[PDB]
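The file start.cif contains mmCIF, N, CA and C atoms:
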```
data_upload
loop_
_atom_site.label_atom_id
_atom_site.label_comp_id
_atom_site.auth_asym_id
_atom_site.auth_seq_id
_atom_site.Cartn_x
_atom_site.Cartn_y
_atom_site.Cartn_z
N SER S 1 -18.94 13.42 -10.85
CA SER S 1 -18.70 12.40 -11.92
C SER S 1 -19.11 13.04 -13.26
N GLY S 2 -18.23 12.95 -14.22
CA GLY S 2 -18.48 13.52 -15.58
C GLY S 2 -18.39 12.44 -16.66
N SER S 3 -17.54 12.68 -17.63
CA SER S 3 -17.34 11.70 -18.75
C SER S 3 -15.91 11.81 -19.29
N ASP S 4 -15.53 10.81 -20.06
CA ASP S 4 -14.16 10.74 -20.68
C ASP S 4 -13.07 10.99 -19.62
N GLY S 5 -13.23 10.31 -18.52
CA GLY S 5 -12.28 10.42 -17.37
C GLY S 5 -13.04 10.83 -16.11
N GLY S 6 -14.11 11.55 -16.32
CA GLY S 6 -14.96 12.03 -15.19
C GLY S 6 -15.77 10.85 -14.65
N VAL S 7 -15.17 10.15 -13.73
CA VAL S 7 -15.83 8.96 -13.10
C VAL S 7 -15.69 9.13 -11.59
N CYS S 8 -16.79 9.00 -10.90
CA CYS S 8 -16.76 9.14 -9.41
C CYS S 8 -17.86 8.28 -8.76
N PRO S 9 -17.57 7.65 -7.64
CA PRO S 9 -18.60 6.97 -6.79
C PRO S 9 -19.50 8.03 -6.11
N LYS S 10 -20.16 7.63 -5.06
CA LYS S 10 -21.07 8.55 -4.30
C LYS S 10 -20.35 9.87 -3.97
N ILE S 11 -21.06 10.96 -4.12
CA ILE S 11 -20.47 12.30 -3.82
C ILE S 11 -21.12 12.97 -2.61
N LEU S 12 -20.31 13.11 -1.60
CA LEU S 12 -20.72 13.74 -0.30
C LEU S 12 -19.45 14.13 0.47
N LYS S 13 -18.42 14.31 -0.31
CA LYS S 13 -17.07 14.70 0.18
C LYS S 13 -16.76 16.05 -0.45
N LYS S 14 -16.51 17.05 0.35
CA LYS S 14 -16.21 18.39 -0.23
C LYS S 14 -14.94 18.40 -1.08
N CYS S 15 -14.98 19.29 -2.04
CA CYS S 15 -13.85 19.48 -2.99
C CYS S 15 -13.59 20.96 -3.28
N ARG S 16 -12.33 21.31 -3.27
CA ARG S 16 -11.90 22.72 -3.53
C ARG S 16 -11.82 22.84 -5.06
N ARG S 17 -11.00 21.98 -5.60
CA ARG S 17 -10.75 21.88 -7.07
C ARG S 17 -11.27 20.51 -7.52
N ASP S 18 -11.26 20.28 -8.81
CA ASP S 18 -11.73 18.99 -9.38
C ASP S 18 -10.99 17.79 -8.79
N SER S 19 -9.69 17.87 -8.84
CA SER S 19 -8.82 16.77 -8.31
C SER S 19 -8.77 16.70 -6.78
N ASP S 20 -9.57 17.52 -6.15
CA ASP S 20 -9.62 17.56 -4.65
C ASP S 20 -10.43 16.34 -4.18
N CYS S 21 -11.15 15.78 -5.11
CA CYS S 21 -11.99 14.59 -4.84
C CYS S 21 -11.13 13.33 -5.06
N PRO S 22 -11.36 12.26 -4.32
CA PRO S 22 -10.61 10.99 -4.52
C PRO S 22 -11.04 10.32 -5.84
N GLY S 23 -10.28 9.36 -6.29
CA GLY S 23 -10.64 8.66 -7.57
C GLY S 23 -10.42 9.52 -8.81
N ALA S 24 -11.08 9.11 -9.86
CA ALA S 24 -11.00 9.83 -11.17
C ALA S 24 -12.05 10.95 -11.18
N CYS S 25 -12.45 11.31 -9.99
CA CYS S 25 -13.47 12.38 -9.76
C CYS S 25 -12.99 13.79 -10.14
N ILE S 26 -13.96 14.66 -10.11
CA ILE S 26 -13.79 16.11 -10.42
C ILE S 26 -14.60 16.82 -9.32
N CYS S 27 -14.85 18.10 -9.48
CA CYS S 27 -15.64 18.83 -8.44
C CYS S 27 -16.85 19.58 -8.99
N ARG S 28 -17.97 19.32 -8.36
CA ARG S 28 -19.26 19.96 -8.77
C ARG S 28 -19.31 21.41 -8.25
N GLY S 29 -20.30 22.11 -8.72
CA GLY S 29 -20.51 23.54 -8.32
C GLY S 29 -21.10 23.65 -6.91
N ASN S 30 -21.57 22.54 -6.40
CA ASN S 30 -22.18 22.51 -5.03
C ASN S 30 -21.11 22.48 -3.92
N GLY S 31 -19.86 22.36 -4.33
CA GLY S 31 -18.73 22.32 -3.35
C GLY S 31 -18.40 20.89 -2.90
N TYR S 32 -18.80 19.93 -3.69
CA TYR S 32 -18.55 18.49 -3.38
C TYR S 32 -18.20 17.74 -4.66
N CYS S 33 -17.57 16.61 -4.45
CA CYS S 33 -17.13 15.69 -5.55
C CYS S 33 -18.14 15.52 -6.69
N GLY S 34 -17.65 15.08 -7.83
CA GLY S 34 -18.53 14.87 -9.02
C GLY S 34 -18.02 13.82 -10.01
#
```

Could you write out this structure as structure tokens?
Amino acid sequence: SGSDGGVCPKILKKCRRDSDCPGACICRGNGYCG
């Protein structure tokens, strides 16, 4: 979850790229949603 579009619920779902996460989420450096 970030800002100005970066909005995400709980993060515990892996992500390859930012849009790999469901919702308006992005991807953290830990290899999971943000």

> Using only N, CA and C atoms, which residues sit within 5 Å of residue 33 of chain S once same-chain residues fewer than 4 positions away are excluded, as JSON, numbers by chain?
Replying inline: {"S": [1, 11, 13, 14, 15, 26, 27, 28]}

Preceding selection exported with N, CA and C atoms as a compact mmCIF listing (two decimals), in the coordinates of the input:
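So the final result, stored in again13.txt, reads:
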```
# COMPACT_ATOMS: atom_id res chain seq x y z
N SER S 1 -18.94 13.42 -10.85
CA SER S 1 -18.70 12.40 -11.92
C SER S 1 -19.11 13.04 -13.26
N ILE S 11 -21.06 10.96 -4.12
CA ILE S 11 -20.47 12.30 -3.82
C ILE S 11 -21.12 12.97 -2.61
N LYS S 13 -18.42 14.31 -0.31
CA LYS S 13 -17.07 14.70 0.18
C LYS S 13 -16.76 16.05 -0.45
N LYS S 14 -16.51 17.05 0.35
CA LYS S 14 -16.21 18.39 -0.23
C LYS S 14 -14.94 18.40 -1.08
N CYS S 15 -14.98 19.29 -2.04
CA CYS S 15 -13.85 19.48 -2.99
C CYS S 15 -13.59 20.96 -3.28
N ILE S 26 -13.96 14.66 -10.11
CA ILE S 26 -13.79 16.11 -10.42
C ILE S 26 -14.60 16.82 -9.32
N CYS S 27 -14.85 18.10 -9.48
CA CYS S 27 -15.64 18.83 -8.44
C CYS S 27 -16.85 19.58 -8.99
N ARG S 28 -17.97 19.32 -8.36
CA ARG S 28 -19.26 19.96 -8.77
C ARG S 28 -19.31 21.41 -8.25
```

>> As a check of understanding, name the residues that the PyMOL selection byres ((chain S and resi 24) around 6) selects in the supplied structure, as a ChimeraX atom specification.
In response: /S:5-8,22-23,25-26

Size and centre in Å, one decimal, axis-aligned box, all listed segment 26-33 of chain S atoms plus 3 Å per side, as JSON:
```
{"center_x": -18.0, "center_y": 19.2, "center_z": -6.7, "size_x": 14.4, "size_y": 15.0, "size_z": 13.5}
```

> Any idea what the distance is between atom CA of residue 31 of chain S and atom CA of residue 4 of chain S?
Replying inline: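 Atom CA of residue 4 of chain S lies 21.3 Å from atom CA of residue 31 of chain S.
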
> In Å to one decimal, how far is atom CA of residue 29 of chain S from atom N of residue 10 of chain S?
Replying inline: 16.2 Å

>> One number please: atom N of residue 2 of chain S to atom C of residue 34 of chain S, in Å, one decimal.
In response: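 Going from atom N of residue 2 of chain S over to atom C of residue 34 of chain S, I get 4.3 Å.
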